[PDB]
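Using the entry's author numbering, you'd call the opening residue of the first sequence number 335 and step up by one each time. Note that the Cβ used here is the ideal one computed from N, Cα and C, for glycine as well. Input: a single structure, listed below in structure tokens.
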Amino acid sequence: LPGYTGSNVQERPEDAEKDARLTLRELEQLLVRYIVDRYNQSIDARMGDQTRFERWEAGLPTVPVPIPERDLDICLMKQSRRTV
DNA sequence: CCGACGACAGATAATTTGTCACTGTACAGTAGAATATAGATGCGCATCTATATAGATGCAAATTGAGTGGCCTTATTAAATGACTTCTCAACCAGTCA
Numbered sequence: 335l336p337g338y339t340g341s342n343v344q345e346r347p348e349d350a351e352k353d354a355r356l357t358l359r360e361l362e363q364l365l366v367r368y369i370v371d372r373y374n375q376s377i378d379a380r381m382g383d384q385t386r387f388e389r390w391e392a393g394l395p396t397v398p399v400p401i402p403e404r405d406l407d408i409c410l411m412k413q414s415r416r417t418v
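Here's what the structure looks like:
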């Protein structure tokens, strides 16, 4: 991708600050595709004969029930001891 | 007759491509950021300038009131009016008469 910075400062492409082009919305639209079409569909290397997704789906002990989006309110931060 | 070179055919490792097994290495919070400089621009405060004088003064007409200088017939009489001055202002005795 354009604007690539290398794995460290000694390998930084000198054009990285001038050659940047993508916004966060482009990078996510590339990265999500890469994870859904390529990466989860590639071979689990320990096995050699299953995809990562195929091994996940077949590896569930049972199909879990989807949790309600409201019940993810367990994500809300707690203030423990404020007084009325 | 003997030796050298070309045509055609045949066999072959070098080259390239593909497949397969073993492996060094990055994933591990991290370079946008700090520190000088020149150069232009803008707001504020001071430091002059040039204009604008009205009040005071000097002077020169313009009367203005107040001076001063120069030029002029006279003698008798009479009347009138108004004045001034002077003078004067006794009292009983002696001689007639109806």
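Span of the alpha helix (DSSP H) around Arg416 | Where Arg416 is concerned, there is no enclosing alpha helix (DSSP H), given that its DSSP letter is neither H nor E.
_Residues bridged to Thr385 [DSSP beta-bridge criterion]_ = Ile377
What are the start and end residues of the alpha helix (DSSP H) that includes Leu361?
358-367
* If we ignore side chains and look at the alpha-carbon of each, how far apart do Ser341 and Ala354 end up? -> 16 Å
Going straight from the alpha carbon of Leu410 to that of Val418, what length do you get? 20 Å
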